[PDB]
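As structure tokens, the structure follows; a few thoughts come after it.
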Amino acid sequence: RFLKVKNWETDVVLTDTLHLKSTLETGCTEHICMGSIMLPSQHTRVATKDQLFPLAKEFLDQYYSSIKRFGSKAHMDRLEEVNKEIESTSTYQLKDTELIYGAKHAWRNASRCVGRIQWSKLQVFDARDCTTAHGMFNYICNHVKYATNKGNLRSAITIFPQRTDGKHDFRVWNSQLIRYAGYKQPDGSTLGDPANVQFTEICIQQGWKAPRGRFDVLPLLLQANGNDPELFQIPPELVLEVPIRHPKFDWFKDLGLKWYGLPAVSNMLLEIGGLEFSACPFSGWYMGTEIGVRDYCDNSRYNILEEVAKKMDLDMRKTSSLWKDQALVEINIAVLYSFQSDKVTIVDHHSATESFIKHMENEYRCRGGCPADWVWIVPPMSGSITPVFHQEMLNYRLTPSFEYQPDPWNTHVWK
Ligand code: HEM
Ligand SMILES: Cc1cc(N)nc(-c2cc(Cl)cc(CN(C)C)c2)c1
Ligand SMILES: C[C@H](O)[C@H](O)[C@H]1CNc2nc(N)[nH]c(=O)c2N1
Ligand SMILES: [Zn+2]
């Protein structure tokens, strides 16, 4: 009831008791492990008033135990106060401090996130007074500007009104605030990002005039209080982009690649004390491999391993020449170099995985554990020359938490 995790590169052993406070379920059983299912039936997100107070009580107990005032009068009065409001309203409203705490701890508990060493330096923007899609756009624009900070990126989250009935949900229909468009071609192939081909057509369905090229920043589709979503263009001066060059290969600029500085996930759901925030865009900075390995080299993404290998002049006939591996390393040397020469914050997969082990140590010391998803923590190249490959990790689900949720267009009762 006090599990141990070993690092087989350093013989370091850590004792996890934090998993005892775990509540949600993982998808695994005594006779099956689903640790490589991407969106397990559990990791996806309707509440009643009866279920709400245990969740509220549980959360308020964490928060007051945090500010070193656990079970005191201000706690018991806040317990009764929320209890009473869940009678009156069959819901309740978080204090600003309770919001900041929950948001920071949703990140802290995100077991697939290798960047959590920074979990306590998160900037929380309360957009719970928003009422309209235009309001959302304005709030989202201030988020991009603040988080980008002229290349010196800063962690931030903007929290729109919580779900109430279910049919009055605030949703950002984009999967990220800033993503490039993808257009299928009249011959089958794909221009821009193949990930977004459906979403790009939904934007054109709602009136977007597409410049139909490579790296066309998509407009924002914003749904407010359950109403139909509306298109908004982020002022280009707010979209900071890095053109990708190599520090040895002068032909690498002629590849004409670029990526945006700001990674900002907008399709997830923030859960705090049983309350559900359907729109909560959050942003940090990139680990290089997200761009150079996954975005640029996934077969169903930009898929440039073909063209980079050519210009390098590689033995592309045999699978075992490792021409793919070889072009993969250069591509990530270029992403890192380009972002660094422009003073745009980025982290290499070696530095970020070392910081995660450091972070893991702090969480096992001053918290008793650190939920972690090995399948997701290990970077998508050079696995075992990073220290997380050699580190056992217990995965378990704690609240507050970020959760996946269905796309709005598979569930929105239109008009
Ligand atoms: C500070 C810099 C950050 C870095 C370097 C970072 C890095 C990463 C990476 C590489 C992934 C894997 C995504 C993929 O490969 O597809 C990830 C996932 C994730 N990150 Fe972080 N991130 C950062 C900030 C944040 C912030 C500010 C939040 C929330 C407030 C957050 C919450 C998450 C969540 C929820 C996931 C998905 C995990 C899941 O599905 O359970 N991250 N992060
Ligand atoms: C705040 C943040 C920072 C970072 N460095 N990354 C992420 C991220 C999360 C997800 Cl769930 C997916 C992706 C990118 N994939 C589409 C490749 C990035 C989020
Ligand atoms: C099948 C598998 O679960 C899936 O491809 C996962 C593997 N690990 C990952 N790890 C990260 N960081 N990001 C991902 O998208 C994935 N995809
Ligand atoms: Zn398992």
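By order of appearance in the structure tokens: chains A, B, ..., then residues from 1 within every chain, and ligands from 1 in the order shown.
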Set the cut-off to 7 Å, count only C-alpha atoms and all ligand atoms, and list whatever residues fall near ligand 1 as a PDB file with N, CA, C and O atoms, in the first residue's frame.
```pdb
ATOM      1  N   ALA A 103      -6.588  25.297 -10.943  1.00  0.00           N
ATOM      2  CA  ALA A 103      -5.941  25.326 -12.251  1.00  0.00           C
ATOM      3  C   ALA A 103      -4.491  24.876 -12.157  1.00  0.00           C
ATOM      4  O   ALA A 103      -4.034  24.053 -12.959  1.00  0.00           O
ATOM      5  N   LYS A 104      -3.753  25.383 -11.165  1.00  0.00           N
ATOM      6  CA  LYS A 104      -2.346  25.011 -11.042  1.00  0.00           C
ATOM      7  C   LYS A 104      -2.178  23.528 -10.736  1.00  0.00           C
ATOM      8  O   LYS A 104      -1.180  22.912 -11.143  1.00  0.00           O
ATOM      9  N   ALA A 106      -4.509  21.049 -11.513  1.00  0.00           N
ATOM     10  CA  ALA A 106      -4.826  20.314 -12.730  1.00  0.00           C
ATOM     11  C   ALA A 106      -3.577  20.093 -13.574  1.00  0.00           C
ATOM     12  O   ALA A 106      -3.318  18.970 -14.029  1.00  0.00           O
ATOM     13  N   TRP A 107      -2.768  21.140 -13.764  1.00  0.00           N
ATOM     14  CA  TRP A 107      -1.493  20.963 -14.459  1.00  0.00           C
ATOM     15  C   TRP A 107      -0.557  20.040 -13.680  1.00  0.00           C
ATOM     16  O   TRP A 107       0.028  19.112 -14.246  1.00  0.00           O
ATOM     17  N   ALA A 110      -1.333  16.461 -14.325  1.00  0.00           N
ATOM     18  CA  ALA A 110      -1.373  15.994 -15.710  1.00  0.00           C
ATOM     19  C   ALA A 110      -0.240  14.994 -15.917  1.00  0.00           C
ATOM     20  O   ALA A 110       0.911  15.371 -16.125  1.00  0.00           O
ATOM     21  N   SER A 111      -0.555  13.708 -15.873  1.00  0.00           N
ATOM     22  CA  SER A 111       0.523  12.727 -15.810  1.00  0.00           C
ATOM     23  C   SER A 111       1.249  12.534 -17.144  1.00  0.00           C
ATOM     24  O   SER A 111       2.375  12.041 -17.141  1.00  0.00           O
ATOM     25  N   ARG A 112       0.664  12.949 -18.269  1.00  0.00           N
ATOM     26  CA  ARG A 112       1.312  12.871 -19.571  1.00  0.00           C
ATOM     27  C   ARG A 112       2.141  14.112 -19.917  1.00  0.00           C
ATOM     28  O   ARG A 112       2.631  14.214 -21.052  1.00  0.00           O
ATOM     29  N   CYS A 113       2.320  15.049 -18.976  1.00  0.00           N
ATOM     30  CA  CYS A 113       3.018  16.304 -19.240  1.00  0.00           C
ATOM     31  C   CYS A 113       4.408  16.281 -18.619  1.00  0.00           C
ATOM     32  O   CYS A 113       4.538  16.243 -17.394  1.00  0.00           O
ATOM     33  N   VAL A 114       5.437  16.363 -19.467  1.00  0.00           N
ATOM     34  CA  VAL A 114       6.829  16.347 -19.022  1.00  0.00           C
ATOM     35  C   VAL A 114       7.303  17.706 -18.521  1.00  0.00           C
ATOM     36  O   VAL A 114       8.400  17.802 -17.949  1.00  0.00           O
ATOM     37  N   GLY A 115       6.514  18.763 -18.700  1.00  0.00           N
ATOM     38  CA  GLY A 115       6.943  20.092 -18.312  1.00  0.00           C
ATOM     39  C   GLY A 115       6.493  20.549 -16.946  1.00  0.00           C
ATOM     40  O   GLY A 115       6.697  21.719 -16.608  1.00  0.00           O
ATOM     41  N   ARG A 116       5.916  19.667 -16.135  1.00  0.00           N
ATOM     42  CA  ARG A 116       5.248  20.065 -14.901  1.00  0.00           C
ATOM     43  C   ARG A 116       6.165  20.659 -13.845  1.00  0.00           C
ATOM     44  O   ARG A 116       5.634  21.153 -12.843  1.00  0.00           O
ATOM     45  N   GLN A 118       7.220  23.345 -13.787  1.00  0.00           N
ATOM     46  CA  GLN A 118       6.824  24.737 -13.794  1.00  0.00           C
ATOM     47  C   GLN A 118       5.395  24.938 -13.315  1.00  0.00           C
ATOM     48  O   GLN A 118       4.855  26.039 -13.457  1.00  0.00           O
ATOM     49  N   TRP A 119       4.789  23.902 -12.724  1.00  0.00           N
ATOM     50  CA  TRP A 119       3.351  23.905 -12.477  1.00  0.00           C
ATOM     51  C   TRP A 119       2.919  25.050 -11.571  1.00  0.00           C
ATOM     52  O   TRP A 119       1.808  25.565 -11.721  1.00  0.00           O
ATOM     53  N   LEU A 122       2.152  29.552 -12.984  1.00  0.00           N
ATOM     54  CA  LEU A 122       1.101  29.540 -13.988  1.00  0.00           C
ATOM     55  C   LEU A 122       0.253  30.786 -13.773  1.00  0.00           C
ATOM     56  O   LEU A 122      -0.061  31.140 -12.630  1.00  0.00           O
ATOM     57  N   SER A 155       3.789  30.817 -18.995  1.00  0.00           N
ATOM     58  CA  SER A 155       2.687  29.874 -18.843  1.00  0.00           C
ATOM     59  C   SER A 155       1.416  30.614 -18.444  1.00  0.00           C
ATOM     60  O   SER A 155       1.455  31.490 -17.570  1.00  0.00           O
ATOM     61  N   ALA A 156       0.280  30.228 -19.041  1.00  0.00           N
ATOM     62  CA  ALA A 156      -0.979  30.896 -18.748  1.00  0.00           C
ATOM     63  C   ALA A 156      -2.165  30.011 -19.123  1.00  0.00           C
ATOM     64  O   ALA A 156      -2.066  29.137 -19.986  1.00  0.00           O
ATOM     65  N   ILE A 157      -3.301  30.267 -18.468  1.00  0.00           N
ATOM     66  CA  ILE A 157      -4.575  29.626 -18.772  1.00  0.00           C
ATOM     67  C   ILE A 157      -5.684  30.657 -18.608  1.00  0.00           C
ATOM     68  O   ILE A 157      -5.661  31.462 -17.670  1.00  0.00           O
ATOM     69  N   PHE A 282      -4.925  26.684 -22.497  1.00  0.00           N
ATOM     70  CA  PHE A 282      -3.711  26.779 -21.692  1.00  0.00           C
ATOM     71  C   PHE A 282      -2.474  26.674 -22.574  1.00  0.00           C
ATOM     72  O   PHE A 282      -2.460  25.962 -23.585  1.00  0.00           O
ATOM     73  N   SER A 283      -1.430  27.409 -22.193  1.00  0.00           N
ATOM     74  CA  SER A 283      -0.258  27.517 -23.043  1.00  0.00           C
ATOM     75  C   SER A 283       1.022  27.477 -22.220  1.00  0.00           C
ATOM     76  O   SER A 283       1.064  27.922 -21.068  1.00  0.00           O
ATOM     77  N   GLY A 284       2.077  26.942 -22.841  1.00  0.00           N
ATOM     78  CA  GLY A 284       3.409  27.027 -22.274  1.00  0.00           C
ATOM     79  C   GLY A 284       4.448  27.381 -23.321  1.00  0.00           C
ATOM     80  O   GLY A 284       4.357  28.421 -23.980  1.00  0.00           O
ATOM     81  N   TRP A 285       5.454  26.528 -23.477  1.00  0.00           N
ATOM     82  CA  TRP A 285       6.405  26.648 -24.571  1.00  0.00           C
ATOM     83  C   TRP A 285       6.683  25.236 -25.071  1.00  0.00           C
ATOM     84  O   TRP A 285       6.264  24.258 -24.451  1.00  0.00           O
ATOM     85  N   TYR A 286       7.368  25.129 -26.209  1.00  0.00           N
ATOM     86  CA  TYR A 286       7.568  23.818 -26.841  1.00  0.00           C
ATOM     87  C   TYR A 286       8.808  23.110 -26.322  1.00  0.00           C
ATOM     88  O   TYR A 286       9.871  23.721 -26.135  1.00  0.00           O
ATOM     89  N   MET A 287       8.679  21.802 -26.142  1.00  0.00           N
ATOM     90  CA  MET A 287       9.817  20.919 -26.317  1.00  0.00           C
ATOM     91  C   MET A 287      10.042  20.700 -27.809  1.00  0.00           C
ATOM     92  O   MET A 287       9.089  20.518 -28.572  1.00  0.00           O
ATOM     93  N   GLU A 290       8.236  17.942 -30.156  1.00  0.00           N
ATOM     94  CA  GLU A 290       6.852  18.091 -30.593  1.00  0.00           C
ATOM     95  C   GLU A 290       6.790  18.609 -32.026  1.00  0.00           C
ATOM     96  O   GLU A 290       5.961  18.156 -32.828  1.00  0.00           O
ATOM     97  N   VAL A 347      12.654  24.199 -25.430  1.00  0.00           N
ATOM     98  CA  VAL A 347      13.425  23.317 -24.565  1.00  0.00           C
ATOM     99  C   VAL A 347      13.722  22.017 -25.318  1.00  0.00           C
ATOM    100  O   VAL A 347      12.882  21.507 -26.070  1.00  0.00           O
ATOM    101  N   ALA A 352      14.473  18.889 -20.910  1.00  0.00           N
ATOM    102  CA  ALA A 352      13.145  18.749 -20.319  1.00  0.00           C
ATOM    103  C   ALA A 352      12.998  17.418 -19.584  1.00  0.00           C
ATOM    104  O   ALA A 352      12.329  17.345 -18.542  1.00  0.00           O
ATOM    105  N   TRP A 376       3.820   8.570 -22.543  1.00  0.00           N
ATOM    106  CA  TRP A 376       3.828   9.955 -22.996  1.00  0.00           C
ATOM    107  C   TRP A 376       5.044  10.753 -22.533  1.00  0.00           C
ATOM    108  O   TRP A 376       5.472  11.676 -23.245  1.00  0.00           O
ATOM    109  N   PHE A 402      -7.091  18.031 -15.908  1.00  0.00           N
ATOM    110  CA  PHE A 402      -7.493  18.268 -17.285  1.00  0.00           C
ATOM    111  C   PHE A 402      -7.958  16.949 -17.890  1.00  0.00           C
ATOM    112  O   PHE A 402      -7.357  15.900 -17.645  1.00  0.00           O
ATOM    113  N   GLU A 403      -9.029  17.012 -18.672  1.00  0.00           N
ATOM    114  CA  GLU A 403      -9.663  15.852 -19.259  1.00  0.00           C
ATOM    115  C   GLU A 403      -9.940  16.133 -20.725  1.00  0.00           C
ATOM    116  O   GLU A 403     -10.041  17.286 -21.149  1.00  0.00           O
TER     117      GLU A 403
END
```
Given only C-alpha atoms and all ligand atoms, how would the per-residue table for chain A near ligand 3 read, listing every residue at most 9 Å away with its closest atom pair and distance in Å to one decimal, sorted by chain and number, as CSV?
```
residue,atom,partner,partner_atom_place_in_ligand_line,distance
A:34,CA,ligand 3,3 (O),9.0
A:35,CA,ligand 3,3 (O),7.4
A:36,CA,ligand 3,3 (O),4.0
A:37,CA,ligand 3,3 (O),4.8
A:38,CA,ligand 3,3 (O),4.3
A:39,CA,ligand 3,3 (O),8.1
A:112,CA,ligand 3,12 (N),6.9
A:113,CA,ligand 3,12 (N),7.7
A:114,CA,ligand 3,12 (N),8.4
A:290,CA,ligand 3,12 (N),7.8
A:294,CA,ligand 3,15 (O),8.0
A:373,CA,ligand 3,10 (N),8.8
A:374,CA,ligand 3,8 (N),8.2
A:375,CA,ligand 3,8 (N),4.8
A:376,CA,ligand 3,10 (N),3.4
A:377,CA,ligand 3,12 (N),6.0
A:378,CA,ligand 3,12 (N),7.0
A:379,CA,ligand 3,12 (N),6.5
A:380,CA,ligand 3,10 (N),6.8
```
>> Need the shell around residue A:214: protein/DNA/RNA residues with any atom at most 10 Å away, counting only C-alpha atoms. Skip same-chain ones fewer than 2 positions apart. Format as a PyMOL selection string?
In response: chain A and resi 180-183+190-193+211-212+216-217+256-258+302
Let's have the selection written as an mmCIF file, in the first residue's frame, with N, CA and C atoms.
```cif
data_model
loop_
_atom_site.group_PDB
_atom_site.id
_atom_site.type_symbol
_atom_site.label_atom_id
_atom_site.label_comp_id
_atom_site.auth_asym_id
_atom_site.auth_seq_id
_atom_site.Cartn_x
_atom_site.Cartn_y
_atom_site.Cartn_z
ATOM 1 N N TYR A 180 -1.820 25.645 -38.092
ATOM 2 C CA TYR A 180 -1.848 25.861 -39.528
ATOM 3 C C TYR A 180 -2.958 25.046 -40.181
ATOM 4 N N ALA A 181 -3.436 25.557 -41.308
ATOM 5 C CA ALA A 181 -4.518 24.927 -42.038
ATOM 6 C C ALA A 181 -4.016 23.727 -42.819
ATOM 7 N N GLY A 182 -4.935 22.805 -43.084
ATOM 8 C CA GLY A 182 -4.687 21.721 -44.005
ATOM 9 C C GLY A 182 -5.779 21.641 -45.047
ATOM 10 N N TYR A 183 -5.388 21.599 -46.314
ATOM 11 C CA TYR A 183 -6.327 21.494 -47.418
ATOM 12 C C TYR A 183 -5.982 20.246 -48.208
ATOM 13 N N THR A 190 -2.111 16.538 -49.717
ATOM 14 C CA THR A 190 -2.530 17.487 -48.688
ATOM 15 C C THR A 190 -1.532 18.627 -48.531
ATOM 16 N N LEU A 191 -2.043 19.856 -48.582
ATOM 17 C CA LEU A 191 -1.257 21.059 -48.351
ATOM 18 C C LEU A 191 -1.466 21.555 -46.926
ATOM 19 N N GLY A 192 -0.373 21.949 -46.278
ATOM 20 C CA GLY A 192 -0.436 22.370 -44.895
ATOM 21 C C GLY A 192 -0.539 21.201 -43.946
ATOM 22 N N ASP A 193 -1.241 21.384 -42.828
ATOM 23 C CA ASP A 193 -1.255 20.378 -41.773
ATOM 24 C C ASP A 193 -2.397 19.410 -42.005
ATOM 25 N N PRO A 211 -6.601 31.429 -47.565
ATOM 26 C CA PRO A 211 -5.507 31.768 -48.490
ATOM 27 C C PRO A 211 -4.931 30.546 -49.191
ATOM 28 N N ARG A 212 -5.445 29.357 -48.841
ATOM 29 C CA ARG A 212 -5.051 28.046 -49.363
ATOM 30 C C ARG A 212 -3.564 27.940 -49.690
ATOM 31 N N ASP A 216 -0.939 28.657 -43.140
ATOM 32 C CA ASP A 216 -2.012 29.618 -42.935
ATOM 33 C C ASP A 216 -2.550 29.417 -41.525
ATOM 34 N N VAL A 217 -2.343 30.420 -40.665
ATOM 35 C CA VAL A 217 -2.933 30.402 -39.335
ATOM 36 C C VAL A 217 -4.447 30.351 -39.471
ATOM 37 N N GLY A 256 11.792 26.254 -46.538
ATOM 38 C CA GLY A 256 10.681 27.165 -46.343
ATOM 39 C C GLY A 256 9.748 26.776 -45.223
ATOM 40 N N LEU A 257 10.261 26.107 -44.195
ATOM 41 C CA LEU A 257 9.444 25.714 -43.061
ATOM 42 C C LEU A 257 9.453 26.799 -41.985
ATOM 43 N N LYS A 258 8.379 26.822 -41.203
ATOM 44 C CA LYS A 258 8.248 27.709 -40.059
ATOM 45 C C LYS A 258 7.271 27.066 -39.102
ATOM 46 N N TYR A 302 3.198 16.634 -41.382
ATOM 47 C CA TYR A 302 3.871 17.338 -42.476
ATOM 48 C C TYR A 302 4.794 16.432 -43.277
#
```
> Between atom CA of residue A:406 and atom CA of residue A:163, what is the spacing in Å?
Replying inline: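 Separation of atom CA of residue A:163 and atom CA of residue A:406: 14.3 Å.
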>> Could you list the protein, DNA and RNA residues that have any atom within 8 Å of ligand 4, counting only C-alpha atoms and all ligand atoms, and write them as a count of residues only?
In response: 9
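DSSP annotation of stretch 187-290 of chain A from backbone atoms: alpha helix (DSSP H) residues are residues 197, 198, 199, 200, 201, 202, 203, 204, 205, 288 and 289 of chain A.
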How about saving the chosen residues, C-alpha atoms kept, as an mmCIF file, in the first residue's frame?
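Output (part20.cif):
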```cif
data_model
loop_
_atom_site.group_PDB
_atom_site.id
_atom_site.type_symbol
_atom_site.label_atom_id
_atom_site.label_comp_id
_atom_site.auth_asym_id
_atom_site.auth_seq_id
_atom_site.Cartn_x
_atom_site.Cartn_y
_atom_site.Cartn_z
ATOM 1 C CA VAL A 197 -8.196 19.197 -42.760
ATOM 2 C CA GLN A 198 -11.663 18.614 -41.301
ATOM 3 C CA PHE A 199 -11.474 21.664 -39.022
ATOM 4 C CA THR A 200 -10.218 23.794 -41.913
ATOM 5 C CA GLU A 201 -13.295 22.778 -43.901
ATOM 6 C CA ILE A 202 -15.554 23.593 -40.944
ATOM 7 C CA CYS A 203 -14.064 27.092 -40.922
ATOM 8 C CA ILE A 204 -14.668 27.439 -44.667
ATOM 9 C CA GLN A 205 -18.150 26.000 -44.095
ATOM 10 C CA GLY A 288 11.612 20.743 -29.645
ATOM 11 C CA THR A 289 10.552 17.193 -30.507
#
```
>> Would you pick out the contacts of residue A:152 at 10 Å or less, using only C-alpha atoms, so that residues sharing its chain but fewer than 6 positions from it are not included, and give the list as a list in words?
In response: residues 146, 261, 285, 343, 344, 345 and 346 of chain A
>> Could you pull out the strand (DSSP E) residues of stretch 277-311 of chain A, going by DSSP on the backbone, and write them as a PyMOL selection string?
In response: chain A and resi 277+282-283+286-287
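If you look at atom CA of residue A:297 and atom CA of residue A:244, they are 14.5 Å away from each other.
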> Can you tell me, as a ChimeraX atom specification, what residues are no more than 9 Å from residue A:219 when counting only C-alpha atoms, ignoring any on the same chain fewer than 4 positions away?
Replying inline: /A:174,177-179,203,208,231-234
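The closest residue to residue A:413, picked from A:273, A:292, A:213, A:166 and counting only C-alpha atoms, is A:166.
Distances to residue A:259 were evaluated for A:328, A:141, A:398, A:334 using only C-alpha atoms, and the minimum falls at A:334.
Distances here use only C-alpha atoms and all ligand atoms; by that measure, the residue among A:61, A:348, A:16, A:126 closest to ligand 2 is A:348.
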> Using only C-alpha atoms, which residues sit within 12 Å of residue A:135 once same-chain residues fewer than 5 positions away are excluded, as number ranges by chain?
Replying inline: A: 127-130, 140-142, 160-161, 170, 222-225, 230, 232
Okay, now the selection with N, CA, C and O atoms, as a PDB file, in the first residue's frame?
```pdb
ATOM      1  N   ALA A 127     -11.819  34.419 -16.895  1.00  0.00           N
ATOM      2  CA  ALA A 127     -12.769  34.907 -17.881  1.00  0.00           C
ATOM      3  C   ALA A 127     -14.177  34.451 -17.566  1.00  0.00           C
ATOM      4  O   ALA A 127     -15.012  34.359 -18.471  1.00  0.00           O
ATOM      5  N   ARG A 128     -14.460  34.155 -16.301  1.00  0.00           N
ATOM      6  CA  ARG A 128     -15.783  33.662 -15.946  1.00  0.00           C
ATOM      7  C   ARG A 128     -16.876  34.734 -16.030  1.00  0.00           C
ATOM      8  O   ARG A 128     -18.041  34.398 -15.790  1.00  0.00           O
ATOM      9  N   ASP A 129     -16.550  35.999 -16.363  1.00  0.00           N
ATOM     10  CA  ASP A 129     -17.581  37.010 -16.619  1.00  0.00           C
ATOM     11  C   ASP A 129     -17.903  37.153 -18.103  1.00  0.00           C
ATOM     12  O   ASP A 129     -18.729  38.001 -18.473  1.00  0.00           O
ATOM     13  N   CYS A 130     -17.245  36.375 -18.952  1.00  0.00           N
ATOM     14  CA  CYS A 130     -17.497  36.431 -20.383  1.00  0.00           C
ATOM     15  C   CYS A 130     -18.934  36.014 -20.676  1.00  0.00           C
ATOM     16  O   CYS A 130     -19.530  35.218 -19.945  1.00  0.00           O
ATOM     17  N   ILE A 140      -9.038  35.789 -25.386  1.00  0.00           N
ATOM     18  CA  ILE A 140      -8.033  34.905 -25.974  1.00  0.00           C
ATOM     19  C   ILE A 140      -6.903  35.729 -26.568  1.00  0.00           C
ATOM     20  O   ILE A 140      -5.733  35.332 -26.500  1.00  0.00           O
ATOM     21  N   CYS A 141      -7.223  36.926 -27.121  1.00  0.00           N
ATOM     22  CA  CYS A 141      -6.162  37.749 -27.691  1.00  0.00           C
ATOM     23  C   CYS A 141      -5.237  38.247 -26.595  1.00  0.00           C
ATOM     24  O   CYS A 141      -4.016  38.291 -26.773  1.00  0.00           O
ATOM     25  N   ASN A 142      -5.795  38.616 -25.444  1.00  0.00           N
ATOM     26  CA  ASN A 142      -4.936  39.066 -24.357  1.00  0.00           C
ATOM     27  C   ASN A 142      -4.105  37.912 -23.814  1.00  0.00           C
ATOM     28  O   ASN A 142      -2.992  38.129 -23.327  1.00  0.00           O
ATOM     29  N   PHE A 160     -12.976  30.177 -18.976  1.00  0.00           N
ATOM     30  CA  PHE A 160     -14.294  30.680 -19.325  1.00  0.00           C
ATOM     31  C   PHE A 160     -15.356  30.059 -18.426  1.00  0.00           C
ATOM     32  O   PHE A 160     -15.060  29.143 -17.653  1.00  0.00           O
ATOM     33  N   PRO A 161     -16.602  30.552 -18.487  1.00  0.00           N
ATOM     34  CA  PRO A 161     -17.618  30.113 -17.518  1.00  0.00           C
ATOM     35  C   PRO A 161     -17.808  28.603 -17.474  1.00  0.00           C
ATOM     36  O   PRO A 161     -17.658  27.892 -18.472  1.00  0.00           O
ATOM     37  N   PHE A 170     -19.522  27.019 -23.037  1.00  0.00           N
ATOM     38  CA  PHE A 170     -18.503  27.787 -23.733  1.00  0.00           C
ATOM     39  C   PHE A 170     -17.497  26.821 -24.328  1.00  0.00           C
ATOM     40  O   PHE A 170     -16.944  25.985 -23.609  1.00  0.00           O
ATOM     41  N   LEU A 222     -15.291  30.355 -31.960  1.00  0.00           N
ATOM     42  CA  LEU A 222     -15.639  30.528 -30.553  1.00  0.00           C
ATOM     43  C   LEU A 222     -17.144  30.403 -30.371  1.00  0.00           C
ATOM     44  O   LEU A 222     -17.913  31.120 -31.016  1.00  0.00           O
ATOM     45  N   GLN A 223     -17.541  29.478 -29.501  1.00  0.00           N
ATOM     46  CA  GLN A 223     -18.920  29.247 -29.094  1.00  0.00           C
ATOM     47  C   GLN A 223     -19.108  29.787 -27.678  1.00  0.00           C
ATOM     48  O   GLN A 223     -18.327  29.460 -26.776  1.00  0.00           O
ATOM     49  N   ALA A 224     -20.124  30.621 -27.478  1.00  0.00           N
ATOM     50  CA  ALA A 224     -20.349  31.250 -26.181  1.00  0.00           C
ATOM     51  C   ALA A 224     -21.751  30.920 -25.692  1.00  0.00           C
ATOM     52  O   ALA A 224     -22.714  31.014 -26.458  1.00  0.00           O
ATOM     53  N   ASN A 225     -21.844  30.530 -24.420  1.00  0.00           N
ATOM     54  CA  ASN A 225     -23.093  30.157 -23.748  1.00  0.00           C
ATOM     55  C   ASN A 225     -23.977  29.273 -24.627  1.00  0.00           C
ATOM     56  O   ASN A 225     -25.188  29.480 -24.755  1.00  0.00           O
ATOM     57  N   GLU A 230     -18.477  31.477 -33.908  1.00  0.00           N
ATOM     58  CA  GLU A 230     -18.250  32.600 -34.812  1.00  0.00           C
ATOM     59  C   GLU A 230     -16.762  32.745 -35.088  1.00  0.00           C
ATOM     60  O   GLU A 230     -15.933  32.532 -34.201  1.00  0.00           O
ATOM     61  N   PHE A 232     -13.126  34.371 -35.863  1.00  0.00           N
ATOM     62  CA  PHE A 232     -12.301  35.517 -35.504  1.00  0.00           C
ATOM     63  C   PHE A 232     -10.856  35.250 -35.903  1.00  0.00           C
ATOM     64  O   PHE A 232     -10.336  34.155 -35.680  1.00  0.00           O
TER      65      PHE A 232
END
```
Pick out the residues sitting within 9 Å of residue A:249, and hand them over as a PDB file with N, CA, C and O atoms, in the first residue's frame; count only C-alpha atoms, and ignore anything fewer than 4 positions along from it in its own chain.
```
ATOM      1  N   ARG A 245      15.761  27.350 -39.772  1.00  0.00           N
ATOM      2  CA  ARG A 245      17.014  27.243 -40.508  1.00  0.00           C
ATOM      3  C   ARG A 245      17.932  26.264 -39.795  1.00  0.00           C
ATOM      4  O   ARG A 245      17.729  25.927 -38.626  1.00  0.00           O
ATOM      5  N   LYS A 253      17.177  26.549 -45.285  1.00  0.00           N
ATOM      6  CA  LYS A 253      16.228  27.659 -45.356  1.00  0.00           C
ATOM      7  C   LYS A 253      15.325  27.542 -46.578  1.00  0.00           C
ATOM      8  O   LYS A 253      14.156  27.940 -46.522  1.00  0.00           O
ATOM      9  N   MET A 312      20.134  16.110 -48.055  1.00  0.00           N
ATOM     10  CA  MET A 312      21.321  15.578 -47.403  1.00  0.00           C
ATOM     11  C   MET A 312      22.062  14.601 -48.295  1.00  0.00           C
ATOM     12  O   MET A 312      23.223  14.289 -48.015  1.00  0.00           O
TER      13      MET A 312
END
```
>> I'd like to know which of A:390, A:73, A:397, A:415 is closest to residue A:11, using only C-alpha atoms.
In response: A:390
> Which residue, A:209, A:145, A:246, A:49, has the smallest gap to residue A:90 when you use only C-alpha atoms?
Replying inline: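 Looking at the shortest contact to residue A:90, the residue is A:49.
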